[PDB]
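Report on the structure given below.
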Amino acid sequence: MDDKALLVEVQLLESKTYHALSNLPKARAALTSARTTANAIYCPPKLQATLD
Amino acid sequence: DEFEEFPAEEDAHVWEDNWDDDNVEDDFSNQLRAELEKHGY
Amino acid sequence: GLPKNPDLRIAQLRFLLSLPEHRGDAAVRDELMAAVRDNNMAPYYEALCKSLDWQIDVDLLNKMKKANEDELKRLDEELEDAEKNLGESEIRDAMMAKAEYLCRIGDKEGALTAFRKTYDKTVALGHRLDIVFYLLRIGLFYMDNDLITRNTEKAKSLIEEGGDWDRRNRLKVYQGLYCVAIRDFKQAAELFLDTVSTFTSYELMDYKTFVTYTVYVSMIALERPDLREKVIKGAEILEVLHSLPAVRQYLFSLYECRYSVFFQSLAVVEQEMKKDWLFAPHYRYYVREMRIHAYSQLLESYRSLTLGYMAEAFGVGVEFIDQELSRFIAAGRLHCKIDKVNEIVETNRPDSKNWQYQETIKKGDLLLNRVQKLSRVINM
């Protein structure tokens, strides 16, 4: 689905739960995917703040 | 140059077994439980 | 990926039933019987009944035998149809199916001979690898050392000729399991650490079981720096250990030098290890090696320590720690000596020069024995 804002939110959530599970490389990969998807849409201030 | 004067007269495991393996004793959990209850009181 | 036939859970349940304290267990019996009746496994039913002196159910046994007979007739009919009408590929697939059914219904020798005939008729390299992996699984199921070794060599050679990374990783997992089976824990730790990040052989065991095996074997094999770098700081290992608090506590207690908690967790690990079908004969050896490892790790940081200090650290009595220390020094495992009058353990770790000199003496003695033998051989 082309709703990339939801995809960014879910990728950030995946990175968060990976980091909470001590899987640092997987959390970093999920965060990088989230950033790559984020630099293709209009990120609201809340979404950009969560990304940062 | 075989030595024919002296005549040449289950548990088929590959791993090398040390002498302590043959020693019989209770399980380490039992020993630890016993020591824990001995030193607890 | 690969099929779960034969099921190693069946072998684990059978071993647990063979254990004395679990011989009278019922849940193991219920699960094993459910597996057999879902798989219609008659010859292995007979083998289990004769090994455990069980009372065979005549109705269930006859139903299983009739089902096996009609199914085998069906596979033979498909094989004949493929031979008469189709090419070698269909007859090959039919023979693989027959061998797979034979292994599924618990036939050992029949499955072996059918798979050997298929391998004789097998040409495609991937299918040869699959057949060799099936033979390795059967050998692991029956703990056939010769079969496992021969099939491991065959798989290694086949992968060396042509090997995809997936099958090579699976062979690594199988080799690690066998190395665990033969107490070769260093190689098993190597393979398990190499395959933990890309574990895909779910037919052998679940991911959590594989990770517990990896943690145990890496603990018994790796030194402190390697254990810290590859296991303590392991990403996937920590991720799965987040769902295994007991194994995580056991691993982290030794690394953090929490020796009483480590000993309690080691007792728990020994209780788990006794029931394991694969770690069965090595539980005493593993426990002894862990006790020696903990004692050596504690003594590495001290020159002279009171016996009471070890008794408090490990949470045991003075007498028990004294007895274990004396037994391990007598076996030449710990570099220390005990003063029972003062109850002080004084470490006798050789310096770099002394250890180097002793190693030089040993190696030079071996080399000079070889040199003397060679010279006496050649100089007539």
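Naming works like this for the structure tokens: A, B, ... for the chains as they're shown, residue 1 at the start of each chain, ligands 1 onward in shown order.
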
Closest atom pairs, chain C residues within 8 Å of chain A, only C-alpha atoms, as a tab-separated table:
```
residue	atom	partner	partner_atom	distance
C:235	CA	A:23	CA	4.6
C:236	CA	A:23	CA	5.9
C:238	CA	A:22	CA	6.0
C:239	CA	A:21	CA	5.0
C:242	CA	A:21	CA	6.4
```

Based on the selection just made, write N, CA and C atoms of those residues as a PDB file, in the first residue's frame.
```
ATOM      1  N   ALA C 235      23.858  -9.907  19.185  1.00  0.00           N
ATOM      2  CA  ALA C 235      22.588  -9.226  18.949  1.00  0.00           C
ATOM      3  C   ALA C 235      21.423 -10.207  18.969  1.00  0.00           C
ATOM      4  N   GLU C 236      21.437 -11.181  18.056  1.00  0.00           N
ATOM      5  CA  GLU C 236      20.346 -12.146  17.985  1.00  0.00           C
ATOM      6  C   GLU C 236      20.256 -12.965  19.264  1.00  0.00           C
ATOM      7  N   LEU C 238      21.034 -12.058  22.350  1.00  0.00           N
ATOM      8  CA  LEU C 238      20.357 -11.258  23.367  1.00  0.00           C
ATOM      9  C   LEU C 238      18.874 -11.113  23.054  1.00  0.00           C
ATOM     10  N   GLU C 239      18.535 -10.948  21.773  1.00  0.00           N
ATOM     11  CA  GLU C 239      17.134 -10.791  21.397  1.00  0.00           C
ATOM     12  C   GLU C 239      16.312 -12.001  21.821  1.00  0.00           C
ATOM     13  N   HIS C 242      16.026 -12.498  25.631  1.00  0.00           N
ATOM     14  CA  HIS C 242      15.006 -11.669  26.266  1.00  0.00           C
ATOM     15  C   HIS C 242      13.747 -12.469  26.574  1.00  0.00           C
TER      16      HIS C 242
END
```

Mind listing the helix (DSSP H, G or I) residues of region 6-52 of chain A, per DSSP on the backbone, as a JSON list (two decimals) with N, CA, C and O atoms, in the first residue's frame?
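Okay, result-v2.json is ready:
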```json
[["chain", "number", "residue", "atom", "x", "y", "z"],
["A", 6, "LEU", "N", 2.02, 5.55, 7.38],
["A", 6, "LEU", "CA", 1.81, 4.40, 8.25],
["A", 6, "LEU", "C", 3.00, 3.45, 8.20],
["A", 6, "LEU", "O", 3.38, 2.87, 9.22],
["A", 7, "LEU", "N", 3.58, 3.27, 7.01],
["A", 7, "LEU", "CA", 4.76, 2.42, 6.89],
["A", 7, "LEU", "C", 5.93, 2.98, 7.69],
["A", 7, "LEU", "O", 6.66, 2.23, 8.35],
["A", 8, "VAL", "N", 6.12, 4.31, 7.66],
["A", 8, "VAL", "CA", 7.17, 4.93, 8.44],
["A", 8, "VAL", "C", 6.92, 4.72, 9.93],
["A", 8, "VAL", "O", 7.84, 4.39, 10.69],
["A", 9, "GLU", "N", 5.68, 4.92, 10.37],
["A", 9, "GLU", "CA", 5.35, 4.73, 11.78],
["A", 9, "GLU", "C", 5.61, 3.29, 12.21],
["A", 9, "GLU", "O", 6.18, 3.04, 13.28],
["A", 10, "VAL", "N", 5.21, 2.32, 11.39],
["A", 10, "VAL", "CA", 5.39, 0.92, 11.74],
["A", 10, "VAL", "C", 6.87, 0.54, 11.73],
["A", 10, "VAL", "O", 7.32, -0.24, 12.57],
["A", 11, "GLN", "N", 7.64, 1.08, 10.79],
["A", 11, "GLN", "CA", 9.07, 0.81, 10.76],
["A", 11, "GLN", "C", 9.76, 1.38, 11.99],
["A", 11, "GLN", "O", 10.65, 0.75, 12.57],
["A", 12, "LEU", "N", 9.35, 2.58, 12.42],
["A", 12, "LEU", "CA", 9.88, 3.14, 13.65],
["A", 12, "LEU", "C", 9.50, 2.28, 14.85],
["A", 12, "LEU", "O", 10.31, 2.09, 15.76],
["A", 13, "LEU", "N", 8.27, 1.77, 14.87],
["A", 13, "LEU", "CA", 7.86, 0.90, 15.97],
["A", 13, "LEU", "C", 8.67, -0.39, 15.99],
["A", 13, "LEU", "O", 9.04, -0.90, 17.06],
["A", 14, "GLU", "N", 8.95, -0.95, 14.80],
["A", 14, "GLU", "CA", 9.79, -2.14, 14.71],
["A", 14, "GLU", "C", 11.19, -1.86, 15.21],
["A", 14, "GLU", "O", 11.78, -2.68, 15.92],
["A", 15, "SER", "N", 11.76, -0.71, 14.84],
["A", 15, "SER", "CA", 13.07, -0.34, 15.35],
["A", 15, "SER", "C", 13.05, -0.18, 16.86],
["A", 15, "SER", "O", 13.99, -0.60, 17.55],
["A", 16, "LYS", "N", 11.98, 0.41, 17.39],
["A", 16, "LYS", "CA", 11.87, 0.60, 18.84],
["A", 16, "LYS", "C", 11.82, -0.73, 19.57],
["A", 16, "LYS", "O", 12.50, -0.92, 20.58],
["A", 17, "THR", "N", 11.03, -1.68, 19.06],
["A", 17, "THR", "CA", 10.94, -2.97, 19.75],
["A", 17, "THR", "C", 12.20, -3.79, 19.56],
["A", 17, "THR", "O", 12.56, -4.58, 20.44],
["A", 18, "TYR", "N", 12.89, -3.63, 18.43],
["A", 18, "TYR", "CA", 14.18, -4.30, 18.26],
["A", 18, "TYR", "C", 15.21, -3.75, 19.24],
["A", 18, "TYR", "O", 15.98, -4.52, 19.83],
["A", 19, "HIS", "N", 15.25, -2.43, 19.41],
["A", 19, "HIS", "CA", 16.17, -1.84, 20.38],
["A", 19, "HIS", "C", 15.82, -2.26, 21.80],
["A", 19, "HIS", "O", 16.71, -2.52, 22.61],
["A", 20, "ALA", "N", 14.53, -2.34, 22.11],
["A", 20, "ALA", "CA", 14.10, -2.83, 23.42],
["A", 20, "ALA", "C", 14.45, -4.30, 23.61],
["A", 20, "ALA", "O", 14.53, -4.77, 24.75],
["A", 24, "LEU", "N", 20.48, -4.54, 18.42],
["A", 24, "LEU", "CA", 20.87, -3.22, 17.93],
["A", 24, "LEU", "C", 21.03, -3.16, 16.42],
["A", 24, "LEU", "O", 20.53, -2.20, 15.81],
["A", 25, "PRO", "N", 21.72, -4.09, 15.75],
["A", 25, "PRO", "CA", 21.81, -4.00, 14.28],
["A", 25, "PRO", "C", 20.45, -4.04, 13.58],
["A", 25, "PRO", "O", 20.24, -3.30, 12.62],
["A", 26, "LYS", "N", 19.53, -4.87, 14.06],
["A", 26, "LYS", "CA", 18.21, -4.93, 13.43],
["A", 26, "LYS", "C", 17.43, -3.65, 13.68],
["A", 26, "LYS", "O", 16.71, -3.17, 12.80],
["A", 27, "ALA", "N", 17.56, -3.08, 14.89],
["A", 27, "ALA", "CA", 16.92, -1.80, 15.17],
["A", 27, "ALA", "C", 17.48, -0.70, 14.27],
["A", 27, "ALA", "O", 16.73, 0.14, 13.76],
["A", 28, "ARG", "N", 18.80, -0.70, 14.07],
["A", 28, "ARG", "CA", 19.41, 0.29, 13.19],
["A", 28, "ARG", "C", 18.93, 0.12, 11.75],
["A", 28, "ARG", "O", 18.66, 1.11, 11.06],
["A", 29, "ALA", "N", 18.82, -1.13, 11.29],
["A", 29, "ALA", "CA", 18.33, -1.36, 9.93],
["A", 29, "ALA", "C", 16.89, -0.90, 9.77],
["A", 29, "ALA", "O", 16.54, -0.27, 8.77],
["A", 30, "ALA", "N", 16.04, -1.19, 10.76],
["A", 30, "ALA", "CA", 14.65, -0.74, 10.70],
["A", 30, "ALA", "C", 14.57, 0.78, 10.72],
["A", 30, "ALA", "O", 13.76, 1.37, 10.00],
["A", 31, "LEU", "N", 15.39, 1.42, 11.55],
["A", 31, "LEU", "CA", 15.41, 2.88, 11.59],
["A", 31, "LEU", "C", 15.87, 3.47, 10.26],
["A", 31, "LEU", "O", 15.33, 4.47, 9.80],
["A", 32, "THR", "N", 16.88, 2.86, 9.64],
["A", 32, "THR", "CA", 17.35, 3.34, 8.35],
["A", 32, "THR", "C", 16.28, 3.19, 7.28],
["A", 32, "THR", "O", 16.09, 4.09, 6.46],
["A", 33, "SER", "N", 15.56, 2.07, 7.29],
["A", 33, "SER", "CA", 14.44, 1.91, 6.36],
["A", 33, "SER", "C", 13.37, 2.95, 6.61],
["A", 33, "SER", "O", 12.79, 3.51, 5.67],
["A", 34, "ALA", "N", 13.09, 3.23, 7.89],
["A", 34, "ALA", "CA", 12.11, 4.26, 8.23],
["A", 34, "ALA", "C", 12.54, 5.63, 7.71],
["A", 34, "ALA", "O", 11.72, 6.38, 7.18],
["A", 35, "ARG", "N", 13.82, 5.96, 7.85],
["A", 35, "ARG", "CA", 14.31, 7.24, 7.34],
["A", 35, "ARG", "C", 14.24, 7.31, 5.82],
["A", 35, "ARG", "O", 13.90, 8.35, 5.25],
["A", 36, "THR", "N", 14.59, 6.21, 5.14],
["A", 36, "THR", "CA", 14.52, 6.19, 3.69],
["A", 36, "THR", "C", 13.09, 6.39, 3.20],
["A", 36, "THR", "O", 12.85, 7.12, 2.23],
["A", 37, "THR", "N", 12.12, 5.76, 3.87],
["A", 37, "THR", "CA", 10.73, 5.98, 3.51],
["A", 37, "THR", "C", 10.26, 7.37, 3.90],
["A", 37, "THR", "O", 9.41, 7.96, 3.22],
["A", 38, "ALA", "N", 10.80, 7.92, 5.00],
["A", 38, "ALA", "CA", 10.39, 9.25, 5.45],
["A", 38, "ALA", "C", 10.85, 10.33, 4.48],
["A", 38, "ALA", "O", 10.13, 11.31, 4.26],
["A", 45, "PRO", "N", 5.17, 17.29, 12.01],
["A", 45, "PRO", "CA", 6.15, 17.56, 13.08],
["A", 45, "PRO", "C", 6.26, 16.44, 14.09],
["A", 45, "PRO", "O", 7.36, 16.15, 14.57],
["A", 46, "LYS", "N", 5.14, 15.79, 14.43],
["A", 46, "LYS", "CA", 5.19, 14.66, 15.35],
["A", 46, "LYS", "C", 6.00, 13.51, 14.77],
["A", 46, "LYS", "O", 6.84, 12.92, 15.46],
["A", 47, "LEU", "N", 5.77, 13.18, 13.50],
["A", 47, "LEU", "CA", 6.49, 12.07, 12.89],
["A", 47, "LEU", "C", 7.98, 12.37, 12.77],
["A", 47, "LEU", "O", 8.81, 11.51, 13.04],
["A", 48, "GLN", "N", 8.33, 13.60, 12.37],
["A", 48, "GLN", "CA", 9.74, 13.97, 12.27],
["A", 48, "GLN", "C", 10.40, 13.96, 13.64],
["A", 48, "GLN", "O", 11.55, 13.54, 13.78],
["A", 49, "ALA", "N", 9.68, 14.43, 14.67],
["A", 49, "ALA", "CA", 10.23, 14.41, 16.02],
["A", 49, "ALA", "C", 10.46, 12.99, 16.50],
["A", 49, "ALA", "O", 11.48, 12.70, 17.14],
["A", 50, "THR", "N", 9.52, 12.08, 16.22],
["A", 50, "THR", "CA", 9.72, 10.68, 16.57],
["A", 50, "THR", "C", 10.91, 10.09, 15.82],
["A", 50, "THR", "O", 11.68, 9.31, 16.38],
["A", 51, "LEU", "N", 11.05, 10.44, 14.54],
["A", 51, "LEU", "CA", 12.18, 9.96, 13.75],
["A", 51, "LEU", "C", 13.50, 10.40, 14.37],
["A", 51, "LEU", "O", 14.43, 9.60, 14.52]]
```

- Message: Show me, as a PyMOL selection string, the residues of chain C whose atoms get within 8 Å of chain B, using only C-alpha atoms for the distance check.
- Response: chain C and resi 182-184+263-264+267-268+270-271+284-285+287+315-317+320

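In this structure, CA of residue 255 (chain C) sits 26.2 Å away from CA of residue 355 (chain C).
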
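One finds CA of residue 202 (chain C) at 17.2 Å from CA of residue 129 (chain C).
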
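Using only C-alpha atoms, the contacts of residue 138 (chain C) at a cut-off of 9 Å, with sequence neighbours closer than 2 positions omitted, comprise residues 5, 6, 103, 108, 111, 112, 133, 134, 135, 136, 140, 141, 142, 143, 144, 147 and 148 of chain C.
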
- Note on the structure: As a check of understanding: the span from CA of residue 20 (chain C) to CA of residue 217 (chain C) is 25.9 Å

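Excluding residue 97 (chain C) itself and any same-chain residue fewer than 5 positions from it, the protein and nucleic acid residues within 12 Å of it, counting only C-alpha atoms, are residues 5, 71, 72, 74, 75, 76, 78, 79, 90, 91, 92, 102, 103, 104, 111, 114, 115, 118, 131 and 134 of chain C.
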
Output for the residues just chosen: C-alpha atoms as an mmCIF file, in the first residue's frame:
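Output contents, as saved in again.cif:
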```cif
data_model
loop_
_atom_site.group_PDB
_atom_site.id
_atom_site.type_symbol
_atom_site.label_atom_id
_atom_site.label_comp_id
_atom_site.auth_asym_id
_atom_site.auth_seq_id
_atom_site.Cartn_x
_atom_site.Cartn_y
_atom_site.Cartn_z
ATOM 1 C CA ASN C 5 10.752 -36.110 8.763
ATOM 2 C CA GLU C 71 0.176 -46.756 1.150
ATOM 3 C CA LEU C 72 3.301 -48.688 0.128
ATOM 4 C CA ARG C 74 0.129 -46.981 -3.755
ATOM 5 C CA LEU C 75 3.708 -45.689 -3.971
ATOM 6 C CA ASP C 76 4.766 -48.848 -5.817
ATOM 7 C CA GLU C 78 2.935 -44.718 -8.857
ATOM 8 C CA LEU C 79 6.536 -45.842 -9.376
ATOM 9 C CA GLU C 90 8.951 -39.073 -12.192
ATOM 10 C CA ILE C 91 10.377 -42.463 -11.206
ATOM 11 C CA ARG C 92 13.005 -40.589 -9.183
ATOM 12 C CA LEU C 102 9.568 -45.463 4.879
ATOM 13 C CA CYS C 103 11.492 -43.028 7.083
ATOM 14 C CA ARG C 104 8.222 -41.433 8.213
ATOM 15 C CA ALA C 111 14.463 -46.147 4.669
ATOM 16 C CA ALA C 114 15.472 -46.946 -0.288
ATOM 17 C CA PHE C 115 17.384 -43.679 0.120
ATOM 18 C CA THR C 118 17.465 -43.206 -4.781
ATOM 19 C CA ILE C 131 18.926 -37.230 0.144
ATOM 20 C CA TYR C 134 17.658 -37.032 4.932
#
```

Hey, what's within 9 Å of residue 308 (chain C) if we count only C-alpha atoms and toss same-chain stuff fewer than 5 positions away? As a PDB file with N, CA, C and O atoms, in the first residue's frame, please?
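And here's selection_10.pdb as it stands now:
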```pdb
ATOM      1  N   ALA C 313      30.932 -16.445  48.231  1.00  0.00           N
ATOM      2  CA  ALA C 313      30.715 -16.040  46.846  1.00  0.00           C
ATOM      3  C   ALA C 313      29.862 -17.056  46.098  1.00  0.00           C
ATOM      4  O   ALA C 313      28.893 -16.692  45.423  1.00  0.00           O
ATOM      5  N   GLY C 317      29.015 -24.116  51.560  1.00  0.00           N
ATOM      6  CA  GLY C 317      29.772 -24.254  52.782  1.00  0.00           C
ATOM      7  C   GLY C 317      31.263 -24.338  52.530  1.00  0.00           C
ATOM      8  O   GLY C 317      31.728 -24.518  51.406  1.00  0.00           O
ATOM      9  N   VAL C 318      32.025 -24.196  53.616  1.00  0.00           N
ATOM     10  CA  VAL C 318      33.479 -24.285  53.519  1.00  0.00           C
ATOM     11  C   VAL C 318      33.900 -25.690  53.109  1.00  0.00           C
ATOM     12  O   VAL C 318      34.789 -25.868  52.266  1.00  0.00           O
ATOM     13  N   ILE C 321      33.292 -26.459  49.250  1.00  0.00           N
ATOM     14  CA  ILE C 321      34.239 -25.764  48.385  1.00  0.00           C
ATOM     15  C   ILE C 321      35.632 -26.358  48.549  1.00  0.00           C
ATOM     16  O   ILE C 321      36.373 -26.510  47.571  1.00  0.00           O
ATOM     17  N   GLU C 343      43.101 -22.188  56.049  1.00  0.00           N
ATOM     18  CA  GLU C 343      41.989 -22.253  55.098  1.00  0.00           C
ATOM     19  C   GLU C 343      42.108 -21.161  54.035  1.00  0.00           C
ATOM     20  O   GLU C 343      41.154 -20.437  53.744  1.00  0.00           O
ATOM     21  N   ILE C 344      43.298 -21.047  53.453  1.00  0.00           N
ATOM     22  CA  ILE C 344      43.587 -20.047  52.432  1.00  0.00           C
ATOM     23  C   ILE C 344      44.061 -20.758  51.173  1.00  0.00           C
ATOM     24  O   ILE C 344      44.976 -21.586  51.227  1.00  0.00           O
TER      25      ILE C 344
END
```

Shell around residue 250 (chain C) at 7 Å using only C-alpha atoms, local window under 4 positions removed, as a PDB file with C-alpha atoms, in the first residue's frame:
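Output (result_29.pdb):
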```pdb
ATOM      1  CA  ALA C 246      16.623 -18.535  33.001  1.00  0.00           C
ATOM      2  CA  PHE C 262      25.672 -18.875  38.616  1.00  0.00           C
ATOM      3  CA  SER C 265      21.506 -21.585  37.440  1.00  0.00           C
ATOM      4  CA  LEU C 266      24.077 -24.291  36.675  1.00  0.00           C
TER       5      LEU C 266
END
```
